[PDB]
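Have a look at the structure below before the remarks.
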Amino acid sequence: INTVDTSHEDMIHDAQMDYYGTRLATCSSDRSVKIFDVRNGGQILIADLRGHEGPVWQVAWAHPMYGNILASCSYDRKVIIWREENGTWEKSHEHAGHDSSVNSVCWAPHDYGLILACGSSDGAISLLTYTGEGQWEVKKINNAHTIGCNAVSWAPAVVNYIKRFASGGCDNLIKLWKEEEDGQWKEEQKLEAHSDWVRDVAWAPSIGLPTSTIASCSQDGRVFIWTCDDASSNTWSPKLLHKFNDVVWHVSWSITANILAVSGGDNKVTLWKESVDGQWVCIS
Amino acid sequence: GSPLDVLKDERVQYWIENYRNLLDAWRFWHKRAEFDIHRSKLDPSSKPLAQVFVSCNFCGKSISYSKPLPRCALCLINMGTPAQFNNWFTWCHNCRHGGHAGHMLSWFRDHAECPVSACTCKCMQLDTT
Amino acid sequence: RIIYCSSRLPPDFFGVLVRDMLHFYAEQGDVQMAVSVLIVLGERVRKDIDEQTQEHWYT
Amino acid sequence: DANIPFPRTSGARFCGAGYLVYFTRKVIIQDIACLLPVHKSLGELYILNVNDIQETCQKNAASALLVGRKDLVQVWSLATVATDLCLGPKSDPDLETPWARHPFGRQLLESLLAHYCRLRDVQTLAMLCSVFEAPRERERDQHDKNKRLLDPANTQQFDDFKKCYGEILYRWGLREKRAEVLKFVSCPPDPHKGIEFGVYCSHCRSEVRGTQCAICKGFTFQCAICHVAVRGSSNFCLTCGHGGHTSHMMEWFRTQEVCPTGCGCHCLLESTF
Ligand SMILES: [Zn+2]
Ligand SMILES: [Zn+2]
Ligand SMILES: [Zn+2]
Ligand SMILES: [Zn+2]
Ligand SMILES: [Zn+2]
Ligand SMILES: [Zn+2]
Ligand SMILES: [Zn+2]
Ligand SMILES: [Zn+2]
């Protein structure tokens, strides 16, 4: 247990961490980012990136399959990619199309390629599948929601391929999106059980077992698990969790889909795990 | 400091070549290059050949350094990213494989097979120096 | 010997496997093994098979 | 701004391979490998050797007892007894029943696999699969599908176990173990596509894609140090193209810093970007 020096003048929003565990990441309301040295437990700043014109939310990293890449998304509508070049951190390439404030950003499995995904309040699903020679082949899917998308999550690589991802917006609804053989990201299913504004969606990493799991947290209390045990049936059978006193916005999985930790409006983190009888049990 | 015409003598070239062969047989590894260096310095006809020339397979475009040509079989990182000799990339004449020089050195020190996946050709334990 | 004479496996984890071994050895006409294993293991396994089959083996 | 989402001032998510981070009203990193069904120390201590499968079993049992789990010792003991080389199938049914059809072979493995699948860990699953990986025409084909101790219908699942434990291993940072484990995959590897290297012939000066020339029937690459034919690794110079057998230039660049071929071309800082 070691506490990193914040050194910021704004409230943080998310703190992702690189693949090997070396460097921490940061967000704030001053439109600034900072990557530190978690190695050996001694917090050393390696950059203070003067970023966009507004606060940022998510900084999810990428696989070293393609190298040292960073992602960022801000209230000032802009998508920015950073790469640590020659001992320094500097701008690499950007996406421009953003009618409204962007809500989320996540990367793709390191077998589909080097694909980004983002969602803005404009309700347009704009994948940012990075092409060759530094350009990004920005595909788009407009009017993905009545109000706007909030968060997206990708699906583990299972046997080209059959790519997938899941998303949900402020319409109190959750969507899923597959691709045709030509490359049309039209629709696969529309799962709806919550009435509050769903915020975050995640996929449990696939060990090899033929059972998926989508833990999603809505605005009020909906923390329903979205298990899809049958591959052909494509039927999702809820198994609702406890009801949080305040709003829950974040969800995160362990590396073997054993432990689920959720973040809520009570400024507290509770760690959960499914019991023998199939019920989810909280922990210390 | 012989002139170009003198350096073109068949006797001179044959004698130099005989000395080179003798110096090779003596196993004095780091010294034969010294004579080669002096030959290249004194004369610009003694320049070495390009030898290795990376141009084969499918070429391709929209993905180039300056799809890909290497891949780190033991780190799966495209070669050329920023102990200097430990950062180079080796290639296999037989195993048709390659990877990071330090990674390959460590793996071949520990493991004793083609780390190239589903392969059997020893990319280094073939000359047996 | 490994199974019986031994963050632990559940206690009655190997019962079905042992019973199926006894059935497999007895079925193919080799009772010299089923009877001997039954006698040696005793109460660890005897309370798993019915009485009629045991009497058949022994006789 | 009502249609915009509302500010989030808390969060806690997984990272690395055994840690968390909670930004709830600074951020704390706590090692939580104690709750994951996987343990890094076992990953460090394990060993797989196709030369002698029995030895790997006993050494893994010793490591399991060392780390303090009285389940893996039972499992590995049953394994080392089960994979004895005297239980090998014969390529003719008409002699004796295979060990797979014994109720202590395939069925015991299936039960243990189901148990650890319930436990939701990949370590022991991948290790066990890796260790166990080793009219008349119809009868021969059915016997062939029936000899082995691993069900042919779940080969994709076993490969998935292996290539997930591999990502775990790469996350930890002990990669040579990953390169060892990822061999037993039944799936052929993907080949490389793009540019490739060619060594000009040492006799006819032609670009030949191979260790032997297709015209002069000789070696195209000659060591820049030992002045002989080479068959191993090169790691040559890309600017000038000169190179040799790996130990030779490693020794050369230990202290010397000029191209042995004589073109000067000090690439020790040029090629190494
Ligand atoms: Zn090209
Ligand atoms: Zn080779
Ligand atoms: Zn490498
Ligand atoms: Zn190889
Ligand atoms: Zn030739
Ligand atoms: Zn060079
Ligand atoms: Zn050279
Ligand atoms: Zn050599």
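Heads up, the Cβs are rebuilt from the backbone with ideal geometry, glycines too, and the neighbour counts pull from every protein chain shown. Only the coordinates and a few stated rules stand behind these numbers; no lab work does.
Classified by the C-alpha gyration tensor, segment A:68-210 has an oblate form. Its axis ratio a/c, with a ≥ b ≥ c, is 1.5 or above, and a/b does not exceed b/c.
Computed on segment A:184-229, the Cα convex hull volume stands at 103 Å³ per residue. The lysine pair count for chain B, using Cα distances under 26 Å and pairs eight or more places apart or on different chains, is 6. Extents of segment A:154-253, taken as max minus min of Cα coordinates on every principal axis and listed largest first, are 45, 27, 22 Å. Size check on chain B: the Cα extents along the three principal axes, sorted descending, read 55, 38, 27 Å. Database remark: amide H of B:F53 closer than 5 angstrom to the amide H of D:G198, D:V199, D:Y200 (H placed geometrically; neighbours at sequence offset of 5 or more, or on other chains; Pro and chain starts carry no H). Applying a DSSP loop filter and a limit of 12 other Cβ atoms within 10 Å to the trypsin sites (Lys or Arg not before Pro) in segment D:209-273 leaves D:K217. Across all directions, the average flat footprint of the convex hull enclosing the Cα atoms of chain C is 4.3 nm². Computed from the C-beta positions of D:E251 and A:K178, the FRET efficiency with R₀ = 45 Å rounds to 0.20.
Partners of D:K162 within straight-line reach, counting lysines whose Cα lies under 20 Å from its Cα and excluding those fewer than 8 residues away in the same chain: D:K40, D:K177, D:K183. Among residues other than D:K163 with Cβ under 11 Å from its Cβ, the summed charge is -2 (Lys and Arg +1, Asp and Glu -1). With all pairs of separate Cα atoms included, the protein assembly as shown yields a Kirkwood hydrodynamic radius of 30.3 Å. Counted by neighbouring Cβ atoms within 10 Å, the residues A:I255, A:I44 run from fewest to most as A:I44, A:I255. Computed from the Cβ-Cβ distance with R0 of 35 Å, the FRET efficiency linking D:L35 to D:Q58 stands at 0.75. Based on the Cβ-Cβ distance from C:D12 to A:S233, what FRET efficiency comes out when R0 is 25 Å, to the nearest 0.05? The value I calculate is 0.10.
Roughly how far apart, in whole Å, are the Cα centres of segment B:1-43 and segment D:114-133? What the calculation gives is 64 Å, centre to centre. Share of pairwise Cα-Cα distances greater than 15 Å in segment A:6-50 is 39 percent (whole percent). Residues A:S206, A:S101, ranked from the fewest to the most other C-beta atoms within 10 Å, line up as A:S206, A:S101. The value given for chain A is a Kirkwood hydrodynamic radius of 19.7 Å, derived from the mean inverse Cα-Cα separation. Cα extents for chain D along the principal axes, largest to smallest and rounded to whole angstrom: 76, 69, 47. Modelled label positions at D:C86 and B:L49, each set 7 Å beyond Cα in the direction of Cβ, lie 6.1 nm from each other. Applying both filters, DSSP loop and at most 10 other Cβ atoms within 10 Å, to the trypsin sites (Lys or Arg not before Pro) of segment B:1-59 gives B:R27.
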